[PDB]
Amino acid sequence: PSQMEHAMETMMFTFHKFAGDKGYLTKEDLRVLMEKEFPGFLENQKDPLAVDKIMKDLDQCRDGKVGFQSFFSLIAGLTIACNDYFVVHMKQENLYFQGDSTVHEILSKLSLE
């Protein structure tokens, strides 16, 4: 019941739920993953090619297949950006944000460079 160990399980099993037996994500699998796990995120991007662009910028991603470390670099990029946002706008600032999820809220403030 460590929260960190729980969070790791979520990330590992989320990848495998969407990658299935083949053990990697297609562009379409990633799109479906993001649509469910980052609801509103892609749609908020003003770009029908956002997923294509994201893939291009993932780590160890070259032949249409997103492996786990690649997937993890997506999570890293989003989480690090959310944290920068949080540190600048929410942490010291002071807060009184009353949303159910601060990461959901911050994700609605991000776009790909």
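The numbering used is simple: start at 1 and walk along the sequence shown.
*Asks:* Taking the mean of the C-alpha B-factors per stretch from the entry, tell me the winner out of 66-74 and 48-56.
*Replies:* The entry gives the higher C-alpha B-factor average to 48-56.
*Asks:* Please work out which of 10-18 and 98-106 has the higher mean CA B-factor as recorded in the PDB entry.
*Replies:* It is 98-106 that shows the higher mean C-alpha B-factor.
*Asks:* Per the entry, which of 33, 61, 87, 81 tops the list for Cα B factor?
*Replies:* Answer for 33, 61, 87, 81: 61, with the highest C-alpha B-factor.
*Asks:* Which third, lowest, middle or highest, does the C-alpha temperature factor of residue 43 belong to within its own chain?
*Replies:* Ranked within chain, residue 43 CA B lands in the highest tercile.
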